[PDB]
Structure formats: C-alpha cells, structure tokens
Amino acid sequence: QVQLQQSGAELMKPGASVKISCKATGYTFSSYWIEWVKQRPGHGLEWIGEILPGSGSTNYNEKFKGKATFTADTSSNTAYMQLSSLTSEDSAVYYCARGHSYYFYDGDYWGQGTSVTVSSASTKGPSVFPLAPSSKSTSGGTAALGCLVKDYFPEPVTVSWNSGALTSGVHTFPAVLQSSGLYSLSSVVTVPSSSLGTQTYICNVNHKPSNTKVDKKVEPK
Amino acid sequence: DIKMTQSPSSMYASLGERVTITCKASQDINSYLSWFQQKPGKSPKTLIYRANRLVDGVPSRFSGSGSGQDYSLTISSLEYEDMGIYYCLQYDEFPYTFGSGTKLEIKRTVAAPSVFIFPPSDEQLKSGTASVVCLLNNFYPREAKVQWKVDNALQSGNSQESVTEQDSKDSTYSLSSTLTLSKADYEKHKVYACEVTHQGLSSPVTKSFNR
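Residues numbered from 1 in each chain as written, not as in the entry; some residues may be left out. Chains lettered and ligands numbered in written order. Heavy atoms only, no water.

Here we come to the overall build of chain A. Per the secondary structure count, chain A includes zero helices and 19 strands. Taking 17 Å as the expected radius of gyration for a compact globule of 221 residues, we find that chain A reaches 23 Å, considerably beyond that expectation. Seen along its three principal axes, the alpha-carbon backbone of chain A occupies a region of about 75 × 35 × 30 Å. Taken over 221 residues, chain A has a buried fraction of 48%. Accessible area of chain A: about 10,400 Å², with a carbon and sulfur share of 49%. Each charge class in chain A can be summarised by its mean position, and for the 17 positive and 14 negative side chains these summaries are 12 Å apart. (Helix = DSSP H or I, 4+ residues; strand = E, 2+ residues; numbered from the N terminus. Rg over C-alpha atoms; globule rule 2.2 N^0.38 Å. Buried < 20%, exposed > 50% of the residue type's maximum accessible area, 1.4 Å probe, protein only. Areas by Shrake-Rupley, 256 points an atom, 1.4 Å probe, with all protein chains shown as cover. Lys, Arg positive; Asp, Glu negative; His and termini not counted. Charge placed at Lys NZ, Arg CZ, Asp CG, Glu CD.)

What follows covers the overall build of chain B. Along chain B, the regular secondary structure elements total two helices and 19 strands. Here the C-alpha atoms of chain B give a radius of gyration of 23 Å, more than 25% beyond the 17 Å that 2.2 N^0.38 yields for 211 residues. A principal-axis box enclosing the C-alpha atoms of chain B has dimensions of 65 × 35 × 30 Å. Relative to all contacts within chain B whose residues are 6 or more apart in sequence, the contacts with residues 24 or more apart total 59%. When the accessible surface of chain B is summed, it comes to about 10,100 Å², and 45% of that surface belongs to carbon and sulfur atoms. Across chain B, the centroid of the 22 positively charged side chains sits 4 Å from that of the 22 negatively charged ones. (Contact = heavy atoms within 4.5 Å.)

Here we come to the nonpolar core. Formed by 39 residues in total, the largest nonpolar core has its most connected members in B:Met4, B:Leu33, B:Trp35, B:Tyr86 and B:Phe98. At the level of secondary structure, the elements contributing two or more residues to this core comprise β5 (45-51) and β9 (92-101) of chain A together with β3 (19-25), β4 (33-38), β5 (45-49), β8 (70-75), β9 (84-90) and β11 (102-106) of chain B. Counting residues in hydrophobic clusters, the runner-up holds 26 residues, among them A:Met12, A:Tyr60, A:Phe70 and A:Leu83. (Core = buried A, V, L, I, M, F, W, Y, C linked by side-chain atoms within 4.5 Å.)

To continue, consider the state of the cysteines. Residues and elements named next belong to chain A. Per the counting criterion, the structure on display carries four disulfides over all chains. A sulfur-sulfur separation of 2.1 Å characterises the disulfide bridge that pairs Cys22 with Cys96. The sign of the 80° torsion about the S-S bond sets the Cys22-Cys96 disulfide as right-handed. Residue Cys22 is found in strand β3 (residues 18-25), and its partner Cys96 is found in strand β9; the two are separated by 74 residues along the sequence. (Disulfide = S-S within 2.5 Å.)

Below, the discussion takes up the sheet that holds strand β18 (residues 202-207) of chain A. Residues and elements named next belong to chain A. A sheet is described by the order of its strands in space; here three strands give the open sequence β14-β18-β19, paired in antiparallel fashion. Each having just a single partner strand, β14 (158-161) and β19 (212-217) make up the two edges of the open sheet. With strand direction ignored, the average angle separating the axes of adjacent strands in the sheet is 15°. (Pairing = 2+ DSSP bridges. Axes fitted to C-alpha atoms, helices over the stretch in contact; angles between N-to-C directions.)

Right, let's talk about the interface of chain A and chain B for a bit. A common measure of how large an interface is: the accessible area buried when the components associate. Opposite the 41 residues of chain A that make contact, chain B presents 43 residues. Counting each side, the surface lost to burial between chain A and chain B is near 3,300 Å², with a carbon and sulfur contribution of 62%. The interface formed by chain A and chain B holds one salt bridge in total. Between A:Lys216 and B:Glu123 there is a salt bridge, and its shortest N-O distance comes to 3.9 Å. At the boundary of chain A and chain B, one finds eleven residue pairs in polar contact. (Buried area = accessible area lost by both parts, 1.4 Å probe. Salt bridge = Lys/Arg side-chain N within 4 Å of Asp/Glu carboxyl O. Polar contact = N/O pair within 3.5 Å; in protein donor to acceptor, adjacent residues only side chain to side chain.)

Attention now moves to the sheet that holds strand β13 (residues 129-139) of chain B. Residue and element names in this part refer to chain B. Pairing in this open sheet of four strands is antiparallel, and the strands run β12-β13-β17-β16 from one edge to the other. In the strand order of this sheet, the two ends are held by β12 (114-118) and β16 (159-163), each with one partner. Here the strands of the sheet are splayed against their neighbours by 15° on average, with no regard to which way each runs. Where β13 lies against strand β17 (residues 173-182), nine bridges are found, and the strand directions are antiparallel. Across the sheet, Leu136 pairs through a bridge with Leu175, a residue of β17.

To continue, consider the UniProt feature "domain: Ig-like" (unreviewed entry) in chain A. If you check UniProt for "domain: Ig-like" (unreviewed entry), the listed places come out as residues 9-96 of chain A in our numbering. Annotation note: span residues 9-96 of chain A, helix share 0%, strand share 52%, distance between end C-alpha atoms 14 Å. (UniProt positions renumbered as here; feature names shortened; annotations may be inferred.)

Next up, the structure:
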C-alpha cells in the first residue's frame, strides 16, 4: 500500500498559472525522486521532469524549463508542479510518479492524474436538436435516429434514452471542441422501422455544470 | 535528446496470438528502458524495468528483451484485458523520452458501414445555423473516409467527426460527421450528399437529400 494522491480537476484562463499537488504515502518521501508526466490527446506521454524531496534536486526537460517549476514539502509529504503562462496546448491530464532512490528502482507507482483545461469560455448549457429518422422514407427495415447536443461548456454532458430503458444499439460519441470554444456531441440509436409509430424515443440530456436538463422526443418527418 | 521509435503504431490481434511491439533508440541506452500499459481514462501502469525485469505482480505472460539500441515487449498469448496502448521510455540520459505508442485492438471480420444522412431541423434553422450529420454505423476496421458535397461542390474545413471505441459485444466502431453551415449558405444550395469510402464497400456509397 504505497500510494500517490493528486489534486482535483482544474479549469484555467489562458495566461494564468496553476499548481497541482501529489501527496505520497506509505514510504520515506525523502529518498525517492518524484516524476511528472504530460498526457494530452494525440500526443502519447511526455516527460516534464523530476524532483528529489529533501535536498530538492530537480531535473527539467528543456522543453518545459520556463513553463514548469517543482517544489516538495518534506513535512506534509507533498510535491508540487506549477505550470505558468498557460495555453490550450497545456490542456492535458498530468501525472506524478514515484521513481527511483539511490541505485535502485523496481518500477513505479503512478498517481491517478489531474485534468487541466485552459479556455476563455463561460459555462453554458446546450441546445438539443433531433436527428430525425428516414430522410424521405419510413419503410427501410431498421432506422436510425438520435439527438445533437450542441454548444455547451464545460464538459461533460450525459445522455440516456427513454430514461434508461433503451440501451441496446445506443452509441454516444466523444464530444468535439468547436472553434467557438464550445463542445458538441451526438447520440444515436437504431430501431426497427416498425416502432416509429408504436414507440416514443426521447433522449435525456443533462449538463450539471449549468444545472441544465432536457428531454427531447425525436421522430419521423 | 534520444529518439525512441516504437512500432507498429497500431495493430489488430486475436485472443491467443503472440504480440511483439518494438522500440528502437537513437543511441545505446544500456537496458535502461521501461514499458507501460495504459487503458482509456486510467493511469499508465509499469510493466517492465531495466529492459527485462518484470514489475512485482504483473502476469508472467509479459516479458521484455533486447540490449544496446533495440528492444521489444512480447505478450506470449494475448488476452482481452491486454487491449489498450503501450509505451516504451528510456531513462539512460536526460531528458527521459517515450515512444509514440502502440494501440492494441481486437481483430474480427470486415463489416461495411450502414450509412444515414440527417438534415438540420427547422428548430435549429431558427437560430441561424444548420448542422448536417452523416452516420456510419457498426463497421470494421477503423479507417474510413467521409466526403461532403453540396450541389456537387466538395466541402473542406467545415466538418468535424468523432468515433466510438470498439464495441464490447461486436468489436465494431461507429462514427459521426457533422457538416456545419450558416443558415444562409444552407438555404443557397440544393443537394446535400455524404459519400463514404470503406474496405467493406465494393464501391463508395452516397446518401443525400434535398433542400
């Protein structure tokens, strides 16, 4: 039971600085180096640097020197990384990890990660539009329908179909960030073309950050 | 900085197969290489350190080998829980650097997409914007191309797509493409078409609508 405890998600304005922590427990904090790693979508993992608690020696990847700064509090068994001059390029999940102690290393203990989002956008609930079945048809065997959840911030929104009773054939897509800085997402479900009159199809949308909740009936024509 | 070249960038494999992932360093790293496994939304987990030493608790089906500049991670008999992305990391000289990753997915039979097109609702038209959506449902493998044409003019720059991860029941993917237009532009043209290209299709399918 050696463990790593990271701080909660952060939402920052471009230009601001943020300081995340990592509280190490179950071992003698002072002899081991703490590693920091960056993970943004489409960019695998990147090594930021490491600091040794006590002596405070540190090693920085040249790519992040001016941008990241580490410190470690010996008493509270906590280490920190401050990221400055934030940009969208800095939105990522950041991990801290316990590496090696003087000549030795039998593997790592990774913290659970801290999500950082950098954006100028204000909180905003979404508009839900229907994706109506069959262009100019009704008879085609199986039909598709769904809901377009557009223009919200920040993530996430949840979507269910018919309050949870409709699960099979449901595909809810990853949200996409539009140029406007707002998110959009789609949820679809295919149904037997012979329900489109004997059945109701409502998609339940919820956006907690804005205390938004919408139920949308979707249907032919 | 040392460059780590990992291969392949992705691969489909069946349960029971022997999977080998390689990593080549730009210079000799003296076995100071570690391998990690990461699953969607979870933290990486260390599998091997010093090139061939298994982390306590990792199943014995994982092994690493190599020396000098060439290394590899081998999963002797693949299991469903092994799907995810793997990374190598050299810690021989600063700055420590990672490979670009290998995405491991489950292989199944080719299956062509069922395609559907959805015009903007009048409700959205009110606002002043039109989103036209194209859906490609339950296909394999991943690679696919969607091309939007309005009155035969090809659109570029004004569409965005997202895809699901492989399905737990049938290992296929689903994808949506949204074409966004000003209410005005939309009202200016007539024929809106979505052309989909995919292995499963003997020829490029088109779904379109008018107005």
